[PDB]
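If you want the building blocks of each chain, they are given just below.
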Amino acid sequence: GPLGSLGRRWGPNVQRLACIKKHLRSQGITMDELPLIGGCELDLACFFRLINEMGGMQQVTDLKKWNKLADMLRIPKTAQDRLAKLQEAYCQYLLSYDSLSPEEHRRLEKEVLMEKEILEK
């Protein structure tokens, strides 16, 4: 097929979503199928970047503005649980992972990063 340009780095968005996924499952959270929020699909890479762009997680959560950051993430406003589900969804995901020490980062990252780099040979 025309697709299949594997071999080197898959990209930052892929590396981020991969690292979080590996940790989530290894932490007791099975996310092999697909993550969902507010009845819709969400990209950990896109979500992670969004929070960081909001002056860090502290701002997003403390200043109570998940509505805006999430809005850009493409979430249904009709969901009366997307707001609360999101708060707990990130607090139990992004928070936990983001709390990981340099070891869990290098270990989990080095594993995935190499898995893709040396995927060829």
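Definitions and limits used
- Residues numbered from 1 in each chain as written, not as in the entry; some residues may be left out.
- Heavy atoms only, no water.
- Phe/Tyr/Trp six-rings, centres within 6.5 Å; stacked < 30°, edge-to-face > 60°.
- Helix = DSSP H or I, 4+ residues; strand = E, 2+ residues; numbered from the N terminus.
- Buried < 20%, exposed > 50% of the residue type's maximum accessible area, 1.4 Å probe, protein only.
- Axes fitted to C-alpha atoms, helices over the stretch in contact; angles between N-to-C directions.
- Parallel < 35°, antiparallel > 145°, perpendicular 65-115°, else oblique.
- Contact = heavy atoms within 4.5 Å.
- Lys, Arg positive; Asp, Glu negative; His and termini not counted.
- Salt bridge = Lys/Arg side-chain N within 4 Å of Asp/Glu carboxyl O.

As recorded in the entry header, the structure was determined using solution NMR.

Chemist: Can you explain the packing of aromatic side chains? Please cite residues and give values.
Modeler: The tally for this structure, following the rule as stated, stands at 2 aromatic pairs. Between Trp66 and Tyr90 the ring centres are 4.2 Å apart and the planes differ by 35°, which places this aromatic pair in the tilted class. With a gap of 24 residues between them, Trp66 in helix α4 (residues 66–72) and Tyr90 in helix α5 (residues 82–91) connect regions that are remote in the sequence. Neither residue differs from the other here; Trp66 and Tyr90 are each classed as buried. Taken together, the aromatic side chains of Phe47, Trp66 and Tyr90 make up a single cluster linked through ring pairs.

Chemist: Quick rundown of the packing of helix α1 (residues 12–26) against helix α2 (residues 44–53)? Include the residues and the values.
Modeler: Contact geometry for α1 and α2: axes closest at 8 Å, N-to-C directions at 100°. Comparing their axes, α2 and α1 come out roughly perpendicular. Facing α1, whose interface residues are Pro12, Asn13, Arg16, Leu17 and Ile20, α2 presents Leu44, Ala45, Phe48 and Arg49.

Chemist: How would you explain α2 if you had to name every residue and give the values?
Modeler: Among the residues of α2, those classed as buried are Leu44, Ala45, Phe47, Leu50 and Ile51. Where the residues of α2 are buried, they touch α1, β1 (36–37), α3 (57–62), α4, α5 and α6 (94–99). A positive backbone phi angle near 70° is found at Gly55, which sits one or two residues after α2.

Chemist: Explain the side chain of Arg82 to me, using residue names and the numbers behind them.
Modeler: Among the structural elements, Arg82 can be located in helix α5. No salt bridge is formed by the buried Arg82, whose closest oppositely charged neighbour, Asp71, lies at an N-O distance of 5.8 Å. Aside from chain neighbours lying at most four places away, what touches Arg82 is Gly38, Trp66, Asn67, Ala70, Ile75, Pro76 and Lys77.

Chemist: Kindly report on the pattern of salt bridges, identifying the contributing residues and their values.
Modeler: When charged atoms on two side chains of opposite charge get close, those side chains can pair. Scanning the model with the defined rule gives 2 salt bridges in all. We note a salt bridge from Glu117 to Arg9, for which the minimum N-O separation is 3.1 Å. On the criterion of sequence distance, the pair formed by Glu117 in helix α7 (residues 102–117) and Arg9 in the segment before α1 is long-range, its members being 108 residues apart. On the accessibility criterion, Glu117 (28% relative accessible area) is partly exposed.

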